[PDB]
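>>> Need a 3D model of the sequence below.
(one chain, ligands or ions: 1)
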Amino acid sequence: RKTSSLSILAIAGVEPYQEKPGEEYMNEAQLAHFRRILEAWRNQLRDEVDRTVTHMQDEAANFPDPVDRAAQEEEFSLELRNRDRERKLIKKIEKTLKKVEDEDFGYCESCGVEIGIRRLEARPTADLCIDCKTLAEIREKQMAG
Ligand SMILES: [Zn+2]
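Numbering: from 1, shown residues only. The protein structure is shown below:
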């Protein structure tokens, strides 16, 4: 959804959180907010995966013209790859929803630091503060290659 604020908040019927003066970070009202966002996002992804699978099955049923056989296969692979990515995202959201249920949502998993509210509104599935997240990515390239 073409919105300045991630189509994610759009995906959910959510409006950017109006943080009050002295509110503690992840209080009941705040996590209820992010729980809703995560759930809405997850449900949307699930519907996309279903539509994809259905399209893929329609493709398996309808035979293309010799000319469009390479084009169908190309698009089919894209659907497949994409589909599998969404399933991963959905599992991540589910994991995040348990952090909410467990009241352990909103902080960096490496260092105890709180992850931004606006940052969580961008990727509510965030596991690391930007620093630890980045450092991890760097270690990756080095411990790997
Ligand atoms: Zn950290």
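
>>> Which elements pack onto the helix or strand where residue 74 lies?
Per DSSP states H and E, residue 74 falls inside helix 69-101. Helices and strands touching helix 69-101, as assessed by 3 or more Cβ pairs under 8 Å, 6 or more residues apart in numbering; DSSP states H and E, comprise helix 28-61. C-beta coordinates here come from the backbone N, C-alpha and C atoms, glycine included.

>>> is it true that residue 26 lies in a helix?
No - assigned with DSSP: H, G, I helix; E, B strand; the rest coil, residue 26 falls outside any helix and is coil.

>>> tell me the contacts of it?
34, 105-106, 114 (Cβ atoms under 8 Å, 6 or more residues apart in numbering).

>>> right, and out of the residues you listed, which lies closest to the ion?
Of all the contacts of residue 26, residue 114 has the smallest distance to the ion: 9.7 Å, by Cβ to the ion.

>>> Tally up the residues packed near that closest one, please.
Around residue 114 there are 13 other residues, counting by other Cβ atoms under 10 Å.

>>> can you tell me how far the most centrally placed residue in the chain sits from residue 66?
Closest to where the C-alpha atoms of the chain average out (Cα atoms, centre = their mean) is residue 89, at 5.0 Å. Using Cβ to Cβ, to the nearest Å, residue 89 is found at 36 Å from residue 66.

>>> how far away is the residue located most distally from the centre of the chain from the ion?
Most distant from the centre of the chain: residue 66, at 38.0 Å, with distances by Cα atoms, centre = their mean. Plainly put, residue 66 is 56 Å away from the ion if you go by Cβ to the ion, to the nearest Å.
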